[PDB]
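Notes to accompany the following structure.
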Amino acid sequence: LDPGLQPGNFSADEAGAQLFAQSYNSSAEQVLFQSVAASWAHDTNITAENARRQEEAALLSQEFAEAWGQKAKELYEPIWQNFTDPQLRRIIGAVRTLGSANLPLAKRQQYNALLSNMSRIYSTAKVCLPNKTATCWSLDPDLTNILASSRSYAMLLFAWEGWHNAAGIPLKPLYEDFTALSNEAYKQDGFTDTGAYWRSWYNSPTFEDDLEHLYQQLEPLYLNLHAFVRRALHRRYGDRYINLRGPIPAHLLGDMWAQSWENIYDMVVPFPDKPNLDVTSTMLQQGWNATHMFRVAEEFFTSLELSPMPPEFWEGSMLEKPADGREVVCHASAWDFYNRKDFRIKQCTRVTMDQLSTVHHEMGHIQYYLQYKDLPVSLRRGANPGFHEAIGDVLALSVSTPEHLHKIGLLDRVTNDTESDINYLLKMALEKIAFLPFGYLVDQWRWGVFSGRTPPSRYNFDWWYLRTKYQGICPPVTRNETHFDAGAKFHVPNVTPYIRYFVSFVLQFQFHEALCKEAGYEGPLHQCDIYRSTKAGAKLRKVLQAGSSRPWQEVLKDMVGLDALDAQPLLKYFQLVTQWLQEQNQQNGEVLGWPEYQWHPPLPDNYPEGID
Ligand SMILES: *[C@@H]1O[C@H](CO)[C@@H](O[C@@H]2O[C@H](CO)[C@@H](O[C@@H]3O[C@H](CO)[C@@H](O)[C@H](O)[C@@H]3O)[C@H](O)[C@H]2NC(C)=O)[C@H](O)[C@H]1NC(C)=O
Ligand SMILES: CC[C@H](C)[C@H](NC(C)=O)C(=O)N[C@@H](Cc1ccc(O)cc1)C(=O)N[C@@H](Cc1ccc(O)cc1)P(=O)(O)O
Ligand SMILES: *[C@@H]1O[C@H](CO)[C@@H](O[C@@H]2O[C@H](CO)[C@@H](O)[C@H](O)[C@H]2NC(C)=O)[C@H](O)[C@H]1NC(C)=O
Ligand SMILES: *[C@@H]1O[C@H](CO[C@@H]2O[C@@H](C)[C@@H](O)[C@@H](O)[C@@H]2O)[C@@H](O)[C@H](O)[C@H]1NC(C)=O
Ligand SMILES: O=C(O)CSCC(=O)O
Ligand SMILES: [Cl-]
Ligand SMILES: [Zn+2]
C-alpha cells in the first residue's frame, strides 16, 4: 500500500512482539481513518464515484492487514498464546487473522464490490403504488410511519409486501456470492466458517449452550406477552385475519420486522384514560426537534460525569434526513474515525419516543469511543460487542421512567398506583421482551447459511421456520424461494452481526440493577433513575475505559459480581407484569404458544388493485 505503513524488522520474542504491536497500531490508525472516511462519504451521499472510492479504500485495508498479519505469523505463529501478557496475545491473535485479505486481488474486488451493491440496493429501494407509479415510498420515514400508525389491514400489508419484494428479491444472487467468498477467506484463518469466526468474539467455550439456557428462562415471558397482544389484535382485526391459536401476521405489530412492538401500545394498554406514557404527541406539541433530542441525551451522560459530545461531533454529524434530494443510508449509526478526535452519528431522526431512546442508544456508542480513545487501536472495542450495544440502552431505562419523563417536562402527572405501574411495565415489555426472539434468531439463520446447513434453495424456508419457531409470526402473504425476506433486514445485506443485540438486551438489566445499587436506590427496580448519580457514573466509566483490555467475564464480575450472563435481573424487573399477564391469559382462556403452526391469513378481497 505505502512503504511507511509496511512493517520492518522485529525479533521473535515477547519483547519484540510488544514493539510489533506498537508499530502496528500506529500505522493502523491512518488506514482505518481513510476507510471510515470513505464509508462516511458514501453513506451520507450514495453515488457511483463514492462507491468506487469506498472500494478503493477497502482494498488498501486488505493490503495493510495482509502485510502485518503475514509478518505476525512469520515471527510469532508458534510462540504466541504462550506469552505472559494477556493484552499482548489478544492483540497478536487479532493481527494474524487476515479475513478477506486471505483472498487474491480478483476475489478481494468481488468481495468489496458485493458489499457496496448490497448496501446500495437496500438503502435505495422504494415501494411504488401499482396504479399510479409516481409517488414511491422509502423505508424511512414513509414505510416506517405507515407500519407504526396505520390500522388498515390492506395498507399495512401493501407496505410489508412491497418492502420485502423490493429489498429482498434483487439481493439474493449477490448474497450467495458473498457467503462463499466470506467462508473462503475465514477458512484459511483456521475457522470452520465465517459464523464460527463471529461467535469467537465472545470467547466462551460453551456460548451456544449459554444463550440457549437464557432463552428458555425468557420464553415464558414472551409467550404470555404474545398471547395477550394476539387477543388485542383479534378484537381489532377480527376472526378471519387473526387465529387465537396460530401465529400473528408479521405486518400487524407496528414494525416492518416485528422486532419491537411499542407502536401498538395504544391498542393493548391495560388501564387507559391514565396519562399516556407514550410521550410522542407531547414532544410534537412542545415542538421538539432532532437537535433537542441529542442534547437531552448528552445532558444525561454529563450528569453522570461522563464526557460531553466534542465540537467535531456537532460539526460533522448528520442528525436529520437531507432535504437536498440526496440518497442516504438512513439506518442510525455511530462512527469512530480512529484519529482520537472525529466522532459522529448519522441518523435520519424523527420526533418520537422510540427515536429518543434510539438517540440514547447511538450516543452510548459514541460515549464508549470517547472513553477508550487513548487505548491502542486493537483495544478500541467493547469487552464484547454486546457491551457496546447496551450502554445507551441502560441510560434509556432510567429516562423512560414516568418520574424522569416528568422531570424533563414530557409527562404532567404520575399517580404512583398499581395500575400506572402495569401500564408502564407493559410498554417496556413491548420494547424489550418482544425483541428477544428476533435478536436470538437472526444470527441462528446466518450461522446456518455460513455453515452450509442452509443453502440458497432454503434461504426463505429456514428464515420463516425460525421466525415462526421463536417470534410466533407468519408471513401475511405466500412466500417462495424467489423471495429473500432476510435481506429486507438492514444487517443482513450490510453484513453486521445481530447476536450482540440479544446479549445486550439481557446485559442491560444486569447493568441497570448494579448501577441502581451504587446509586443508593432502594425499592422497585423498574422505578429507578440513575440521573445525576456520579457514583453510578464512576462505575460505568471504569468498564467503558477498560475497552477490550480485560476479558468481558472478569469485567462483568467487577461490575455485577457474576462471571456470566444472567436472566434474573430482567425477570426481577418485569415480575409484576409477568404475573399480571399470566393472570389475564388464564381469565381469557388463552392457549400459550401457536399450536396451529401451519395457519396463514387469507388476502383482503380486492387486494391490491381496487384497495390502493
Ligand atoms: C411507588 O410505590 C411503591 C410501592 O409501595 C414504592 O415502593 C416502596 O418504596 C419505599 C420507599 O423507597 C421502599 O421503602 C424501603 O424499604 C426497604 C426495605 O426493603 C428499606 O430498607 C428502605 O429503608 C426503605 O424504607 C419500599 O421498599 C418499596 N416497596 C417495595 C415493595 O419495593 C415506591 O417507592 C413508590 N414510588 C415513588 C416514586 O414514590
Ligand atoms: C461504517 C463504520 C460503522 C458504522 C461503525 N464502525 C466504526 C469503526 O465506527 C460501527 O460498526 N458502528 C456500530 C456501533 C459499534 C461500533 C463498534 C463496535 O465494536 C460495536 C458497535 C453501529 O453504529 N451500529 C449500528 C448499526 C450499524 C452497524 C454497522 C453499520 O455499518 C451501520 C449501522 P446500531 O447497532 O447502533 O444500530
Ligand atoms: C456527493 O458526492 C459527489 C461525488 O460522488 C460530489 O460531487 C462532486 O463535488 C465536488 C465538490 O463540489 C465537485 O468538485 C465535483 O465536480 C463533483 N463531482 C461529481 C461527479 O458530481 C457531491 O459534492 C457530493 N454531495 C455532497 C452534498 O457532498
Ligand atoms: C413466487 O411467487 C411469485 C408471486 O407470488 C404469487 O402471486 C402474488 C401476486 C400473490 O398472489 C402470491 O400469493 C402468489 O404466490 C410468483 O410469480 C413466482 O412464480 C413464485 N416463484 C417461484 C419460483 O415459484
Ligand atoms: O432498535 C434498535 O436500533 C436497537 S435493536 C437493533 C436493530 O435496530 O435491529
Ligand atoms: Cl456480535
Ligand atoms: Zn447499536
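Start at 1 and go down the list; that is how both ligands and their atoms are numbered. Scope of the values below: all heavy atoms of this structure, side chains included, with no hydrogens, waters or symmetry mates. Numbers here simply count residues along the sequence, with the first being 1.
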Name the closest protein heavy atom to atom 5 (O) of ligand 3, giving the residue it belongs to and the distance to 0.1 Å. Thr47 OG1, 2.9 Å

Hey, is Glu389 one of the residues with a heavy atom under 4.0 angstrom from ligand 5? no

Looking at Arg350, I'd like to know if its CZ atom is crowded, meaning that more than 12 non-hydrogen atoms belonging to other residues, nucleotides or ligands lie closer than 6.0 Å. yes

Out of all atoms in ligand 5, which are within 4.0 Å of some heavy atom of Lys489? Include the element for each. 9 (O)

Indicate the ring-plane relationship of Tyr573 and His512, choosing parallel, tilted or perpendicular according to the 30° and 60° boundaries. perpendicular

For atom 18 (C) of ligand 2, what's the nearest protein heavy-atom neighbour? Residue, atom name and distance, please. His388 CD2, 3.4 Å

Could you tell me the residue and atom name of the protein heavy atom closest to atom 23 (O) of ligand 3, and the distance to it rounded to 0.1 Å? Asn45 ND2, 4.7 Å

Would you tell me which option among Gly364, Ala334, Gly392 has the nearest heavy-atom contact to atom 22 (C) of ligand 2? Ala334

Under 6.0 Å from the six-membered ring centre of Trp40 and within 45° of its axis: does the NZ or CZ of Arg344 meet both? yes

Short version for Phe337: what comes under 4.0 Å of ligand 2, heavy atoms counted, is neither

Check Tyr501 against ligand 2 and report side chain, backbone, both or neither, counting heavy atoms closer than 4.0 Å. side chain

Of all the heavy atoms in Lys346, does at least one lie under 4.0 Å from an atom in ligand 2? no

So the atoms of ligand 2 within less than 4.0 Å of a heavy atom of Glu362 turn out to be 36 (O), 37 (O)

Give me the residue, atom name and distance of the protein heavy atom closest to atom 27 (C) of ligand 3. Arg326 NH1, 3.3 Å

Below 3.5 angstrom, do we get any N/O pair linking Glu389 and ligand 2? yes

Do any non-hydrogen protein atoms sit less than 4.0 Å from atom 37 (O) of ligand 2? yes

Do we see a donor-acceptor contact under 3.5 Å between the side chains of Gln545 and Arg541? no

Short list, please: which atoms of ligand 5 are under 4.0 Å from a heavy atom of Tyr498? 6 (C), 7 (C), 9 (O)

Looking at ligand 2, does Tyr368 have a heavy atom less than 4.0 Å from it? no

Between the side chains of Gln54 and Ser39, does any donor sit under 3.5 Å from an acceptor? yes

Indicate, as side chain, backbone, both or neither, the part of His361 found under 4.0 angstrom from ligand 5 when only non-hydrogen atoms are considered. neither

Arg500 and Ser504: side chain donor to acceptor below 3.5 Å: no

Donor + acceptor pair across side chains of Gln371, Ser307 (<3.5 Å): yes

Give the residue and atom name of whichever protein heavy atom lies nearest to atom 33 (C) of ligand 2, and the separation in Å to one decimal. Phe490 CE2, 3.5 Å

Any N or O on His365 sitting closer than 3.5 Å to an N or O of ligand 2? yes

Closer than 4.0 Å and a protein heavy atom, does any atom meet both conditions relative to atom 3 (C) of ligand 3? yes

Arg467 charged N/C atom sitting above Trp445 aromatic ring, 6.0 Å / 45°: no

Could you tell me whether ligand 2 has any atom less than 4.0 Å away from a heavy atom of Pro385? no

I'd like to know if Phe438 contacts ligand 5, where contact means a heavy-atom distance under 4.0 Å to any ligand atom. no

For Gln259, counting its heavy atoms only, list the atoms of ligand 5 lying under 4.0 Å from any of them. 7 (C), 8 (O), 9 (O)

